[PDB]
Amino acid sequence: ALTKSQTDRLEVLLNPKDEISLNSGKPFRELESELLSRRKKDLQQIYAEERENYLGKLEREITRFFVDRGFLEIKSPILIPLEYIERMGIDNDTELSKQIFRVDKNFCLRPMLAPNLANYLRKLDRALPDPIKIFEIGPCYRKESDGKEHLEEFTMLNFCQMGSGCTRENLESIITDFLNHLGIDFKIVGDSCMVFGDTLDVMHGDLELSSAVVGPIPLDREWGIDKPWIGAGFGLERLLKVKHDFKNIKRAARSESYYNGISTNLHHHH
């Protein structure tokens, strides 16, 4: 019989495609040696052939998709003023407020892309023709209980449009074209959150890929926005989790422990 420590170690080395059972009586060593060989060969093939990191590669694929559809690529600060949190309507006694990583006294790691993108929409409206279409991909941060679907350090895509064409129909059509491009099935369900109000959540089974919003909303005034807008935020690690059938989202994260979902800890267990 395998101990919990042993079972945990074999789970680390097991990949979704494997058809190997941890409950069929084989000694821990036979199982560990088999899996280590498979994972070493997996890394050897990546190194010999493509050499691209899944998170980087997905960012690049997504970037191409939105640039080709007329959206401006944004790269904004990750370390942001703490004041942006308050101004997003996140009161400091709320749950999301307790998820913020504070830095020094007056800054934080951004938990979302929206405030920076709201500032870009306002500013670009002075220069660009209608409709204004922009997107950003990059790191975001939230203190979490984690579990299998949450990370403290994750990667968000947020695209948005402001001016004409900002209807629920167009928003759903963009989401549909995007997830069709990635080859991911989904449904849309109505939900709500404290910050934006009513949302359209993009679901893969019970897993939330995205929350999306059809503006305008009352918050807009605080960011100097006064036109219709639509936008959606997606977690890249969640997209990878679905695409590669990972059981735990940690396999898709920035990590020292996994590379393209393959364990980097290829020592023997004792």
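All residue numbers are counted from 1 along the displayed sequence.
Chemist: Quick check: 109-117 versus 93-101, which has the larger average CA B-factor in the record?
Modeler: Looking at the recorded C-alpha B-factors, 93-101 comes out higher on average.
Chemist: Which has the higher mean CA temperature factor in the PDB entry, 233-241 or 44-52?
Modeler: Higher of the two, by average CA B-factor, is 44-52.
Chemist: At the C-alpha atoms, which of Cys193, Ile134, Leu171, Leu179 reaches the highest B-factor in this entry?
Modeler: It is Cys193.
Chemist: In terms of the CA temperature factor given in the entry, to which third of its chain does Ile20 belong: lowest, middle or highest?
Modeler: For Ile20, whose C-alpha B-factor we compare with every modelled residue in the chain, the answer is the highest third.
Chemist: Among the modelled residues of its chain, does the C-alpha B-factor of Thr167 lie in the lowest, middle or highest third?
Modeler: Middle third - that is where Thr167 ends up once the chain's C-alpha B-factors are sorted.
Chemist: Would you mind ranking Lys247 by its C-alpha B-factor against the rest of the chain and naming the third, lowest, middle or highest?
Modeler: Highest third - that is where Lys247 ends up once the chain's C-alpha B-factors are sorted.
Chemist: In terms of the CA temperature factor given in the entry, to which third of its chain does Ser211 belong: lowest, middle or highest?
Modeler: CA B-factor rank for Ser211: middle third.
Chemist: Please say which third, lowest, middle or highest, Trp223 falls into when its CA temperature factor is compared across its chain.
Modeler: For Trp223, whose C-alpha B-factor we compare with every modelled residue in the chain, the answer is the middle third.
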